[PDB]
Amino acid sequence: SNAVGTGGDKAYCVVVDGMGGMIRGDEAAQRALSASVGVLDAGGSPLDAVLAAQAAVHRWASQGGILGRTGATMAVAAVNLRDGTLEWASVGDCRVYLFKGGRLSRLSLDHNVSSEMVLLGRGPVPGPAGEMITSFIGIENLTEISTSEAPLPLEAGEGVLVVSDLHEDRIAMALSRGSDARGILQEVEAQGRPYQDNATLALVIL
């Protein structure tokens, strides 16, 4: 699922995906998204939102005796509408993209076996074995979170996109009237290589 919204002088976007091979992934994803939106609407950062989602899912899972057997992946970003700065965080294989200078560029790191094997100096691992998720909301101890180091200054018309691949061809976006919604999307998906046709998108344009 996805959401975008504005509150507390920020516009934010979130995507969550339940872990398919596990128990009650849909509920884990719902709890992650719910926690994240509450945090973001109240003025919190994407990293705050990830940590709150983890806390909510971890507690829920233990209380159900499912800890480690349920979870979700997510990506979240927020633009501060007062100063024009971007922050983001992600866990798992949902992705964050910067839209700047007319081009879409990858921000976030994947947590999966292939990425980990590369960082260990062992080379990539193609196929389902490499796609296995190594960090997710609901993991027993969450140590690996991909996140912005410092807020990134944006100019009007620039922004951020989060992606997870009936929601097919559904898009959620936060934008102002002055933002042309024909042109922005056109380019982003003119560059829309990064995701499939099957992808759920959420984006914020300053």
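In this text, residue numbers run from 1 along the sequence as written.
Gap check for residue 165 to residue 166: 4 to 9 deposited residues are absent from the model.
The stretch 103-111 shows the higher mean C-alpha B-factor when 103-111 is compared against 73-81 in the entry. When the two stretches 145-153 and 176-184 are set side by side, the higher mean Cα temperature factor goes to 176-184. Remark: residue 96 belongs to the lowest third of its chain, ranked by C-alpha B-factor as recorded.
Among the modelled residues of its chain, residue 48 has a C-alpha B-factor that falls in the lowest third according to the deposited record. When the modelled residues of the chain are ordered by C-alpha B-factor, residue 38 sits in the lowest third. Among the modelled residues of its chain, residue 202 has a C-alpha B-factor that falls in the middle third according to the deposited record. In the PDB entry, residue 125 places in the middle third of its chain by CA B-factor.
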